[PDB]
Amino acid sequence: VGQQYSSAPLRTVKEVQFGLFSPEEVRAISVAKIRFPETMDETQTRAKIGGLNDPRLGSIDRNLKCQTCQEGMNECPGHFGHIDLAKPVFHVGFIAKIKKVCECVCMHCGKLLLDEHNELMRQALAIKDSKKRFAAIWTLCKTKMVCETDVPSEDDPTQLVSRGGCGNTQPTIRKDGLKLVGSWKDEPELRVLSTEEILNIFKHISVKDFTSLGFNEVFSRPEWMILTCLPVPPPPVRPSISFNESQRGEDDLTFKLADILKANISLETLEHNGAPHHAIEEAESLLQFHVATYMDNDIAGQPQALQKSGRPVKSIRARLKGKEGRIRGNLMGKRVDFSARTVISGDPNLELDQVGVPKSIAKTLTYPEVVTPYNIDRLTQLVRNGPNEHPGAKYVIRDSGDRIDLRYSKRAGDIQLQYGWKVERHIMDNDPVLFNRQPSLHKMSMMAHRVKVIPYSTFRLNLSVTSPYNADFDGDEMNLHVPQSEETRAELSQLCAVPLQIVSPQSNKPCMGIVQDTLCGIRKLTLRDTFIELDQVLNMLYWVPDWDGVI
Amino acid sequence: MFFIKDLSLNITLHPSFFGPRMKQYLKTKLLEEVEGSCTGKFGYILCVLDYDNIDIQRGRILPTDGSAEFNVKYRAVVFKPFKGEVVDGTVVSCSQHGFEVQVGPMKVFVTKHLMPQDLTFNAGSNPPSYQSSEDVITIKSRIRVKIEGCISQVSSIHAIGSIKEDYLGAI
Amino acid sequence: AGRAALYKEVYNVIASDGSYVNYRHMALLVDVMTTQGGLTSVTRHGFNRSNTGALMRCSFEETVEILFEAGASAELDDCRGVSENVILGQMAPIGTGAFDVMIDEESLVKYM
Amino acid sequence: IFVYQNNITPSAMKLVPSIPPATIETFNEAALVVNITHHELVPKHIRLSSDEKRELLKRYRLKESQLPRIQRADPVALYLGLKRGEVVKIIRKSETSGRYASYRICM
Amino acid sequence: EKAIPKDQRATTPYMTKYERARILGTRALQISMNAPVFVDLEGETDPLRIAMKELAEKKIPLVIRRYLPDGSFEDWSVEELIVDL
Amino acid sequence: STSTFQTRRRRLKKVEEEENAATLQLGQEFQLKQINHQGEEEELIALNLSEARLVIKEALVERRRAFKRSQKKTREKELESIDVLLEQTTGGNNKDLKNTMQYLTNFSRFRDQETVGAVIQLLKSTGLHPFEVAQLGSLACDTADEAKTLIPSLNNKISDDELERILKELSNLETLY
Amino acid sequence: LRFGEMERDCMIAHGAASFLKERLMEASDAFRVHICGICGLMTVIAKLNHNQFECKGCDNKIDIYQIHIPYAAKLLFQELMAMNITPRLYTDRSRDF
Amino acid sequence: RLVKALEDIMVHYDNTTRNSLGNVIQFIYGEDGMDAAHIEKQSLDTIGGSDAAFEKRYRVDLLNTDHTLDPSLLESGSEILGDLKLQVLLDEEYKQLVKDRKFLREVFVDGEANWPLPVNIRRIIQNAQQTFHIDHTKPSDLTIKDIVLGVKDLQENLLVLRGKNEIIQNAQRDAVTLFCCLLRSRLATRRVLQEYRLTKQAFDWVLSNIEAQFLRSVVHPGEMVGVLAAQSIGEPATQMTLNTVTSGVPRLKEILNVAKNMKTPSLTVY
DNA sequence: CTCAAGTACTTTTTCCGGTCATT
RNA sequence: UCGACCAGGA
DNA sequence: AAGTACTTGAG
Ligand SMILES: Nc1ncnc2c1ncn2[C@@H]1O[C@H](COP(=O)(O)CP(=O)(O)OP(=O)(O)O)[C@@H](O)[C@H]1O
Ligand SMILES: [Mg+2]
Ligand SMILES: [Zn+2]
Ligand SMILES: [Zn+2]
Ligand SMILES: [Zn+2]
């Protein structure tokens, strides 16, 4: 888990503070200045360029060598960089909220179009809920098309009282792709509001006013919805797919950043050099496009920013977007170790709470047991049995913290087990295991079972536990999970065990009874005409494992 | 200057020590960590006071490893130096660069130029001295210094002092 | 009276296919849609819009947008929901983790 | 309480909060023909005193938000002239407990 | 300060299914971690089977901190809690 | 690392505290008003050399008693006697506490608890910071000019004759060798 | 095998908290990061062999903790940051309730 | 959807049902605070039947020579006649049973007397008979006081909510309301003596095993009551499709979506 | 300056070998 | 060692 | 497909 001892105290996350990155912070957080669209290859040399993809950042080639931070690959997380944009550009996500904030504040002095003077406004400001308060204030100020100098006083409407200065008509802002256009006024004046324009207006919005809107003085100022300083994610986020030595291969996100950096370098040259004024707006809108397209590529306005192939390009949004997305596909559900799955078969000679585990499966799955004086002697015979005998073990984990592969280790024959060590041993009869059958629409679809190591390649299971799983033996497969803790074992054996699951709370009745052969035969056996002679009766009685011994 | 400070420490025990003499090991552990320590925040944690009434509290068992964590609240004698703080000390080291003075656990180095002009180096002596028209400063001589500044070099604090100002110097 | 009617209708769609569900479960779903003061749909439009954890709500239907508005309005997540702990890889405050376990020295010396 | 026939001028209806501490309530005749509170599905809602309420939140260790809410516009809330923050104790009949009582804070 | 006094406790005097399961697992893990045992292991070797004897004899030295929705809590000893389950 | 008594958190706010001095601006940690074990307000505790030596002695002496309980089933000479107790109650590797106990024994002005408490009653009636109150009990001064130069916090806080009355009572209170 | 969302729900229903954790962490993703106690980000340039911790930008070389989170959660927060969103992780509380 | 809506809802150590915000959904789980596994359908013989048959079944009149408990039912039967003090006890008893009847007929308007409740009382009496080899020949050792006061006292012990205040003690009183109706129905002085034929010994055993069973039957704080409920409605619906007026999956969709324009709006007018 | 209609957006059960191109 | 299509299982 | 959440447009 992250590997190697750290002196830093171990804590649990108790709060998650969402906010926006301020340019100032993006610069401070950054380890490298990222200025070249070229990843690596310091002209031919197979070493990374001091300008993108480790201009200091994370690491490649499994080199501890990671900007003196050492560690490397499994240990060192990524290290963020930055790229200073030539002009400010909108963040795709906040594009609408920027519009809605412009629709609320005077586009000249930055004062809220509505004041404590308007009675409906006082009521909207009284809203406790940050999002509902924003909503009410917007619906109110969108209407106001003038930054009033004076409004009638609370007493007589005859005498007017002066508020925040300047007149100025407010534009009727509308979206046009990734741009904001106004309509001030026979016939109106229609121009595009610049990213810089919006910004200096937002920078002028007072704390009182913007905190009256969704925003937070410390964590999310309205001005931070516009991008000035772009954060460069490290390689662990955008890994380079190497398919030999010579076969370089970089990620999609690496291409888009290089493209932003390509677009930037052009815009900056046009400005810092002979400004052609109307070519600058072209190179500016291109930067806007790329920064947009990198965070979102499933945008309303048709250009899919296709990679020359015919492929669209995975935006950062697309990465997290549910089922397969980082949230639903990587965090709400994961692929797991200590798992097994094979075809299931019905066994009448199994206990309700047992599960037939094929020796193959028992020999691969492992429970890590701590070398305790209680087990010390048994555990040694398992380690000495090795990974090939059935009751055996696969690894010995030392106090030092280092795995011993009994399959190879020159000392596999030896090993004098010290206490406190762990012995990853083959699953044995009566270990608790979580057994399940998909689709798992029940508390009962997953139950804890005792192991019974048997020959032949299927999971054998008692026929009366068929119903809760809703399993048939026409080629159904089932999943097995092996707990690794002595406390996790208890969890299963004490809450999830099959005997416990017998009476179901969804129906207030038992979810498993006698089925098929045993049910058909129980009727046949019962009825008054059925009589059993001594010879057979005695065999019938012996068959009851708890028979009192009384004929 | 020497303070008494009400402090805490989160020690994490291991199940093997969940025996009758647990408190003893925790108290003994607190001392290991805390006593003789030096942080910038509180300075030198010199001695844990009132061993008898050390508060261990109820320790919480951490999930997936039975190890229990206790916030051991306590009280200790600390030494935290400051700028402008006047100290009495003894000379330890002495070179052409100046002389270092031991002030409690900490050392205060007095630069050649943070001394009066008349007081100059004398290499030709065992031990090497700083000689004045009247005074003589050497490896066992007692001094009074003004702490001009502090630095927190890991598990220590070092200061730069002056004996240039009035009422300061040799004692 | 809304709750009454809502339960009545839910109950009958279940009883429609013979199937029996113990009151409490339908009662709970009905109670949930209701407590808010109105009829809260079991959609992204209804439940997923409440004052619950950002990480918890982004775990269903409107993911990236939920998270974007989290930053833009500086949301603070309690980390009280199951979903949040599951994202954080922390022992959820669920059943077995709905309480804390302590060692008492008083009893540790008493048991020897 | 002002009981109108068909309507009231939007001019006239915007004179209701003009006389505090006192309050005004508009009701249409056709709406009042039937006492909706008498219906099968409508349980007994009961207004809680400042102290009754204060005590409830103490005993259930609740913040005002944590309580299930009744809308101000709610037919029964209108019948009892419920004011923002007032709490009603709803006594209903249970197929499970026999009698179960909930509470609703005003909107 | 949140912490209900012994005399003012109001939660089930009985141990929950979830409580017993976490106590039994915790001690099992601890007995396996090479912790000291407050019971006669009468030929016993499985730490859960040991932890069970300890809870049976009510010689488990742990306390459950039952947290209430307002943060306040009640501390109950495994010695205190009734084990009908 | 050892955790404090004060809990005044810095939510995102990077901005750190200003420099420290004898403008009596110590840390946030070393404020005048601070949090007690009971969660009470309590004034900063600052000790002078000798007030500080006796406190450490008291603790280790009663720790040696606790170490002997558990194990059931004159300046030149005060330095050796102290160094013996250290070998018995301290971890040895506490190089700081040895140098400190030597410094305190060879720099303390008042030997006996009586003379220390008398100095404590004398000064703690001026209403000066525990800093000034301790510094006055630490550095031996003759003039109110001497005192007010070295402890430049004092400057307007006390009368020149008043401070000198104390300085001259602290002299008559100084322990011999 | 994929321990699906459905599979998680059953474990919740059961009350197996410590198990759910073992599945999702120990038996998969489980990773260790060093986070800063001022700006709750995975910054901390933690050279472990030397025992140096530091979060430049906060200048803080002291108020640094270590958390255990699923690697994909590390990844998530890094992706959110790349999108100018600050998912600040704090190991204390403020709000109460 | 049902799962993601209900996830975070669980029972807290205060028997209140709350979400991740600590907002109360149910004040007590399923209005009764009982774990659904520990619930069996049981009849309420106070609901149905003629008003005559009821009086036959439960009325004991120690002041009337015909309607007394026969001295073949209990030992005290002979000296019990005319005991105005004990008739006072038996009057409250019956008066409460009549109250009960009115209440139950109020709750279940159709007269349906078979409802799922905790503690299967039948099985407890059924066992007491086979346990104590109850001979339906000899008279009982029980007193009118033994039965009447015994049941009264059992009730005070069927705790769900513990709270020493009055809001909680009233909430306690309320959650048991129906089970007590069932309790008093089944343990009337007449019914215990004439029907069951219980010895004092058996009665104390029945009384303890009701308390015992009841207590176990209550919900456990931590119970993931939220998820449970979602799968309990979910699984049926998912099976009610997998196997080969708007109703079923489409109407359930209508309901959960709080669909405005619904397909079959109807209005039943009485 | 109200309210009808047109505008756009976002969901769609769970787990579990071959062939293509290109990384 | 990367992920898209197609074909399948309960 | 069915909400939502807006613009766009008539009287
Ligand atoms: N598309 C699908 N999605 C989820 N589960 C499925 C599925 N197809 C089949 N199943 C699972 O398989 C179960 C029934 O399918 P089968 O087993 O193939 C029919 P059978 O039981 O063999 O005979 P039958 O046709 O007489 O019922 C379902 O209840 C379900 O659990
Ligand atoms: Mg099948
Ligand atoms: Zn690194
Ligand atoms: Zn203006
Ligand atoms: Zn930081």
# chains A, B, ... in the order shown; residues from 1 in each chain; ligands from 1

$ residues_near_ligand --ligand "ligand 1" --cutoff "7 Å" --atoms "only C-alpha atoms (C1' of nucleotides) and all ligand atoms" --output "list in words"
residues 438, 439, 470, 472 and 474 of chain A; 239, 242, 243 and 244 of chain H; 13 and 14 of chain I; 10 of chain J

$ residues_near_ligand --ligand "ligand 5" --cutoff "12 Å" --atoms "only C-alpha atoms (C1' of nucleotides) and all ligand atoms" --output "compact mmCIF listing (two decimals) with N, CA and C atoms, in the first residue's frame"
# COMPACT_ATOMS: atom_id res chain seq x y z
N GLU A 25 -1.67 29.91 -7.08
CA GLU A 25 -1.53 28.56 -6.48
C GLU A 25 -0.96 27.57 -7.49
N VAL A 26 -1.54 27.54 -8.71
CA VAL A 26 -1.13 26.66 -9.82
C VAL A 26 0.38 26.78 -10.05
N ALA A 28 2.57 28.01 -7.65
CA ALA A 28 3.25 27.51 -6.45
C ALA A 28 3.32 25.97 -6.34
N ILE A 29 2.20 25.28 -6.63
CA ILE A 29 2.05 23.82 -6.66
C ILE A 29 3.04 23.15 -7.70
N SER A 30 3.28 23.82 -8.87
CA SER A 30 4.13 23.39 -9.99
C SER A 30 5.60 23.16 -9.63
N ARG F 10 -5.61 27.12 10.41
CA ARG F 10 -5.39 28.02 9.26
C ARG F 10 -6.02 27.45 7.96
N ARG F 11 -7.37 27.55 7.85
CA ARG F 11 -8.12 27.06 6.70
C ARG F 11 -7.62 27.80 5.46
N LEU F 12 -6.79 27.09 4.64
CA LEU F 12 -6.11 27.48 3.38
C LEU F 12 -5.12 28.62 3.53
N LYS F 13 -5.47 29.62 4.35
CA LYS F 13 -4.69 30.81 4.64
C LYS F 13 -3.24 30.42 4.93
N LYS F 14 -2.38 30.65 3.92
CA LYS F 14 -0.96 30.35 3.98
C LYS F 14 -0.25 31.24 5.01
N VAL F 15 -0.41 32.58 4.86
CA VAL F 15 0.18 33.65 5.68
C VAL F 15 0.56 33.21 7.10
N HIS G 34 1.14 11.36 0.67
CA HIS G 34 1.50 12.36 1.64
C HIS G 34 0.77 13.60 1.21
N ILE G 35 -0.11 14.09 2.10
CA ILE G 35 -0.91 15.27 1.83
C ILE G 35 -0.51 16.42 2.77
N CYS G 36 -0.68 17.68 2.32
CA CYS G 36 -0.37 18.87 3.11
C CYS G 36 -1.54 19.29 4.03
N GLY G 37 -1.18 19.72 5.24
CA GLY G 37 -2.13 20.13 6.27
C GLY G 37 -2.58 21.57 6.19
N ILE G 38 -2.25 22.23 5.10
CA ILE G 38 -2.70 23.58 4.89
C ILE G 38 -3.60 23.50 3.65
N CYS G 39 -3.02 23.34 2.43
CA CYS G 39 -3.77 23.11 1.20
C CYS G 39 -3.82 21.59 1.11
N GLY G 40 -4.98 20.99 1.36
CA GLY G 40 -5.14 19.54 1.43
C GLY G 40 -4.93 18.75 0.15
N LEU G 41 -3.83 19.02 -0.57
CA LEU G 41 -3.49 18.41 -1.85
C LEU G 41 -2.37 17.40 -1.73
N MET G 42 -2.26 16.51 -2.73
CA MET G 42 -1.18 15.55 -2.78
C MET G 42 -0.06 16.32 -3.43
N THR G 43 0.68 17.07 -2.60
CA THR G 43 1.80 17.89 -3.06
C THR G 43 3.08 17.25 -2.51
N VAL G 44 3.29 17.46 -1.21
CA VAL G 44 4.35 16.97 -0.35
C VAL G 44 5.42 16.16 -1.11
N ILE G 45 6.58 16.79 -1.24
CA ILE G 45 7.75 16.28 -1.93
C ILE G 45 8.51 15.54 -0.83
N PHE G 53 10.11 16.24 4.38
CA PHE G 53 8.76 16.13 3.87
C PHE G 53 8.35 17.30 3.00
N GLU G 54 8.33 18.57 3.48
CA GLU G 54 8.05 19.79 2.67
C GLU G 54 6.93 19.78 1.54
N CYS G 55 6.07 20.79 1.60
CA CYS G 55 5.11 21.13 0.56
C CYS G 55 5.51 22.54 0.20
N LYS G 56 6.31 22.70 -0.87
CA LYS G 56 6.68 24.05 -1.31
C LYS G 56 5.37 24.71 -1.74
N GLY G 57 5.28 26.02 -1.65
CA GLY G 57 4.02 26.69 -1.97
C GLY G 57 3.25 27.00 -0.71
N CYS G 58 3.26 26.05 0.23
CA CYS G 58 2.72 26.23 1.56
C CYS G 58 3.93 26.53 2.45
N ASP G 59 5.15 26.23 1.92
CA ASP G 59 6.47 26.35 2.56
C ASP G 59 6.61 25.38 3.74
N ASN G 60 5.47 24.86 4.19
CA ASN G 60 5.23 23.92 5.26
C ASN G 60 6.05 22.65 5.10
N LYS G 61 6.98 22.40 6.04
CA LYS G 61 7.78 21.17 6.02
C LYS G 61 7.42 20.28 7.22
N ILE G 62 6.38 20.68 8.01
CA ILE G 62 5.97 20.05 9.27
C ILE G 62 4.55 19.45 9.30
N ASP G 63 3.52 20.27 9.05
CA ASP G 63 2.11 19.85 9.06
C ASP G 63 1.77 18.99 7.79
N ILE G 64 2.29 17.77 7.77
CA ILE G 64 2.16 16.84 6.67
C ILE G 64 1.71 15.49 7.23
N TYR G 65 0.66 14.88 6.64
CA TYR G 65 0.19 13.57 7.09
C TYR G 65 0.26 12.55 5.96
N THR G 86 -10.01 21.90 -7.14
CA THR G 86 -9.22 21.59 -5.94
C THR G 86 -10.00 20.67 -5.01
N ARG G 88 -9.68 19.28 -1.98
CA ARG G 88 -8.84 19.34 -0.81
C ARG G 88 -9.24 18.33 0.25
N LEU G 89 -8.31 17.46 0.64
CA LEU G 89 -8.52 16.41 1.63
C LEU G 89 -7.93 16.82 2.97
N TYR G 90 -8.81 16.93 4.00
CA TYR G 90 -8.48 17.34 5.36
C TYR G 90 -8.75 16.24 6.34

$ closest_residue --among "A:130, A:13, A:33, A:144" --to "ligand 4" --atoms "only C-alpha atoms and all ligand atoms"
A:144

$ closest_atom_pairs --of "chain A" --to "chain H" --cutoff "9 Å" --atoms "only C-alpha atoms" --output "JSON lines"
{"residue": "A:440", "atom": "CA", "partner": "H:235", "partner_atom": "CA", "distance": 9.0}
{"residue": "A:441", "atom": "CA", "partner": "H:235", "partner_atom": "CA", "distance": 5.3}
{"residue": "A:442", "atom": "CA", "partner": "H:231", "partner_atom": "CA", "distance": 6.0}
{"residue": "A:443", "atom": "CA", "partner": "H:228", "partner_atom": "CA", "distance": 7.2}
{"residue": "A:503", "atom": "CA", "partner": "H:37", "partner_atom": "CA", "distance": 5.9}
{"residue": "A:504", "atom": "CA", "partner": "H:37", "partner_atom": "CA", "distance": 5.7}
{"residue": "A:505", "atom": "CA", "partner": "H:37", "partner_atom": "CA", "distance": 4.2}
{"residue": "A:506", "atom": "CA", "partner": "H:232", "partner_atom": "CA", "distance": 5.2}
{"residue": "A:507", "atom": "CA", "partner": "H:36", "partner_atom": "CA", "distance": 7.8}
{"residue": "A:508", "atom": "CA", "partner": "H:37", "partner_atom": "CA", "distance": 5.0}
{"residue": "A:509", "atom": "CA", "partner": "H:37", "partner_atom": "CA", "distance": 7.0}
{"residue": "A:510", "atom": "CA", "partner": "H:37", "partner_atom": "CA", "distance": 8.5}

$ closest_atom_pairs --of "chain C" --to "chain B" --cutoff "9 Å" --atoms "only C-alpha atoms" --output "tab-separated table"
residue	atom	partner	partner_atom	distance
C:91	CA	B:63	CA	7.6
C:100	CA	B:60	CA	7.3
C:101	CA	B:61	CA	5.6
C:102	CA	B:60	CA	4.4
C:103	CA	B:59	CA	5.7
C:104	CA	B:58	CA	6.0
C:105	CA	B:22	CA	7.4
C:108	CA	B:20	CA	5.7
C:109	CA	B:20	CA	4.7
C:110	CA	B:20	CA	8.2
C:111	CA	B:20	CA	8.1
C:112	CA	B:20	CA	6.8

$ write_last_selection --atoms "N, CA, C and O atoms" --output "CSV table (one decimal), in the first residue's frame"
chain,number,residue,atom,x,y,z
C,91,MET,N,-13.0,2.7,6.1
C,91,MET,CA,-14.0,1.9,6.8
C,91,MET,C,-15.3,2.7,7.0
C,91,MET,O,-15.3,3.7,7.8
C,100,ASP,N,-17.3,2.8,17.6
C,100,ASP,CA,-15.8,2.7,17.7
C,100,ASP,C,-15.4,1.7,18.7
C,100,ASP,O,-16.2,1.3,19.6
C,101,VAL,N,-14.2,1.1,18.6
C,101,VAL,CA,-13.7,0.1,19.6
C,101,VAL,C,-12.4,0.7,20.3
C,101,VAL,O,-11.6,1.3,19.7
C,102,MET,N,-12.5,0.7,21.6
C,102,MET,CA,-11.5,1.2,22.6
C,102,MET,C,-10.9,0.1,23.5
C,102,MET,O,-11.6,-0.9,23.7
C,103,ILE,N,-9.7,0.3,24.1
C,103,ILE,CA,-9.2,-0.6,25.1
C,103,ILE,C,-9.3,0.2,26.4
C,103,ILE,O,-8.9,1.3,26.4
C,104,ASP,N,-9.7,-0.5,27.5
C,104,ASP,CA,-9.8,0.1,28.8
C,104,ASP,C,-8.7,-0.5,29.7
C,104,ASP,O,-8.8,-1.6,30.0
C,105,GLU,N,-7.7,0.3,30.1
C,105,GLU,CA,-6.6,-0.1,31.0
C,105,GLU,C,-7.2,-0.5,32.3
C,105,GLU,O,-6.7,-1.5,32.8
C,108,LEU,N,-7.9,-3.9,31.8
C,108,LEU,CA,-6.7,-4.7,31.4
C,108,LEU,C,-5.9,-5.2,32.6
C,108,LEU,O,-5.3,-6.2,32.5
C,109,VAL,N,-5.9,-4.4,33.7
C,109,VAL,CA,-5.2,-4.8,34.9
C,109,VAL,C,-6.2,-5.7,35.7
C,109,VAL,O,-5.7,-6.5,36.5
C,110,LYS,N,-7.5,-5.5,35.6
C,110,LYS,CA,-8.5,-6.2,36.3
C,110,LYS,C,-8.6,-7.7,35.8
C,110,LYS,O,-8.8,-8.6,36.6
C,111,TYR,N,-8.3,-7.9,34.5
C,111,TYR,CA,-8.3,-9.2,33.9
C,111,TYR,C,-7.0,-10.0,34.0
C,111,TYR,O,-6.6,-10.8,33.1
C,112,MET,N,-6.2,-9.8,35.1
C,112,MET,CA,-4.9,-10.5,35.3
C,112,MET,C,-4.6,-11.0,36.7
C,112,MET,O,-4.9,-10.2,37.7

$ residues_near_ligand --ligand "ligand 4" --cutoff "7 Å" --atoms "only C-alpha atoms (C1' of nucleotides) and all ligand atoms" --output "ChimeraX atom specification"
/A:106-111,147,165-168

$ write_last_selection --atoms "N, CA, C and O atoms" --output "compact mmCIF listing (two decimals), in the first residue's frame"
# COMPACT_ATOMS: atom_id res chain seq x y z
N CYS A 106 -23.02 44.41 -12.94
CA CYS A 106 -22.85 45.47 -13.94
C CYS A 106 -21.53 45.25 -14.66
O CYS A 106 -20.47 45.22 -14.03
N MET A 107 -21.60 45.10 -15.98
CA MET A 107 -20.44 44.83 -16.81
C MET A 107 -19.46 46.01 -16.95
O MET A 107 -18.67 46.04 -17.89
N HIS A 108 -19.48 46.95 -16.00
CA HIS A 108 -18.60 48.11 -16.05
C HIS A 108 -17.96 48.46 -14.72
O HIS A 108 -16.78 48.79 -14.71
N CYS A 109 -18.74 48.45 -13.61
CA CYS A 109 -18.21 48.76 -12.28
C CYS A 109 -18.14 47.51 -11.35
O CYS A 109 -17.44 47.55 -10.33
N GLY A 110 -18.78 46.41 -11.76
CA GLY A 110 -18.77 45.15 -11.03
C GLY A 110 -19.66 45.10 -9.80
O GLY A 110 -19.44 44.28 -8.90
N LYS A 111 -20.66 45.98 -9.75
CA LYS A 111 -21.58 46.01 -8.62
C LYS A 111 -22.82 45.23 -8.99
O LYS A 111 -23.27 45.33 -10.13
N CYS A 147 -27.32 49.60 -14.41
CA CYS A 147 -26.63 49.73 -13.14
C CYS A 147 -27.14 51.05 -12.58
O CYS A 147 -26.69 52.12 -13.00
N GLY A 165 -22.74 53.98 -7.91
CA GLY A 165 -22.67 54.89 -9.06
C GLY A 165 -22.73 54.29 -10.44
O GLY A 165 -22.97 53.09 -10.61
N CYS A 166 -22.51 55.16 -11.46
CA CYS A 166 -22.50 54.97 -12.92
C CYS A 166 -23.85 54.46 -13.47
O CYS A 166 -24.58 53.75 -12.78
N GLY A 167 -24.20 54.91 -14.67
CA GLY A 167 -25.43 54.53 -15.34
C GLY A 167 -25.21 53.25 -16.10
O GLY A 167 -25.29 52.16 -15.53
N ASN A 168 -24.87 53.38 -17.39
CA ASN A 168 -24.52 52.32 -18.34
C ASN A 168 -25.60 51.24 -18.54
O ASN A 168 -26.05 50.62 -17.57

$ interface_residues --of "chain A" --to "chain E" --cutoff "9 Å" --atoms "only C-alpha atoms" --output "list in words"
residues 369, 370, 371, 372, 373, 374, 375, 419, 420, 485, 486, 487, 488, 489, 490, 491, 492, 493, 494 and 495 of chain A

$ write_last_selection --atoms "N, CA and C atoms" --output "compact mmCIF listing (two decimals), in the first residue's frame"
# COMPACT_ATOMS: atom_id res chain seq x y z
N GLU A 369 -1.48 -15.93 7.15
CA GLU A 369 -1.59 -16.28 8.57
C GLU A 369 -0.38 -15.81 9.35
N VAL A 370 -0.56 -15.17 10.51
CA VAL A 370 0.61 -14.72 11.28
C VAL A 370 1.17 -15.82 12.15
N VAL A 371 2.50 -16.04 12.05
CA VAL A 371 3.30 -17.03 12.79
C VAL A 371 3.20 -16.73 14.29
N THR A 372 2.36 -17.53 14.94
CA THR A 372 1.95 -17.43 16.33
C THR A 372 2.27 -18.78 17.02
N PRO A 373 2.64 -18.84 18.33
CA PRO A 373 3.02 -20.14 18.93
C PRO A 373 1.96 -21.19 18.82
N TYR A 374 0.72 -20.73 18.62
CA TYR A 374 -0.44 -21.58 18.43
C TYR A 374 -0.30 -22.35 17.12
N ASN A 375 0.06 -21.66 16.01
CA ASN A 375 0.18 -22.30 14.69
C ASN A 375 1.60 -22.69 14.24
N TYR A 419 8.30 -15.75 14.90
CA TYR A 419 6.95 -15.28 15.17
C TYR A 419 6.78 -13.94 14.52
N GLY A 420 5.54 -13.55 14.27
CA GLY A 420 5.27 -12.25 13.66
C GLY A 420 5.41 -12.21 12.15
N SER A 485 -7.91 -10.96 6.49
CA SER A 485 -7.77 -10.56 7.90
C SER A 485 -8.45 -11.55 8.80
N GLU A 486 -8.01 -11.64 10.06
CA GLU A 486 -8.69 -12.52 11.03
C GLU A 486 -10.05 -11.85 11.47
N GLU A 487 -10.13 -10.52 11.27
CA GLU A 487 -11.27 -9.70 11.60
C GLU A 487 -12.26 -9.65 10.46
N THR A 488 -11.75 -9.80 9.26
CA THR A 488 -12.62 -9.81 8.10
C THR A 488 -13.29 -11.18 8.01
N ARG A 489 -12.57 -12.23 8.48
CA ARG A 489 -13.05 -13.60 8.49
C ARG A 489 -14.26 -13.62 9.37
N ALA A 490 -14.11 -13.11 10.62
CA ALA A 490 -15.17 -12.97 11.62
C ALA A 490 -16.41 -12.29 11.02
N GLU A 491 -16.20 -11.19 10.25
CA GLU A 491 -17.27 -10.46 9.57
C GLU A 491 -18.17 -11.40 8.79
N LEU A 492 -17.56 -12.29 8.01
CA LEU A 492 -18.27 -13.25 7.19
C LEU A 492 -18.95 -14.30 8.02
N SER A 493 -18.17 -15.03 8.82
CA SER A 493 -18.69 -16.10 9.67
C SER A 493 -19.74 -15.61 10.69
N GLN A 494 -19.71 -14.33 11.05
CA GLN A 494 -20.65 -13.85 12.05
C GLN A 494 -21.89 -13.10 11.52
N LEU A 495 -21.86 -12.59 10.25
CA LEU A 495 -22.97 -11.85 9.66
C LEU A 495 -23.45 -12.42 8.37

$ residues_near_ligand --ligand "ligand 3" --cutoff "8 Å" --atoms "only C-alpha atoms (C1' of nucleotides) and all ligand atoms" --output "number ranges by chain"
A: 57-59, 66-72, 76-79; G: 45
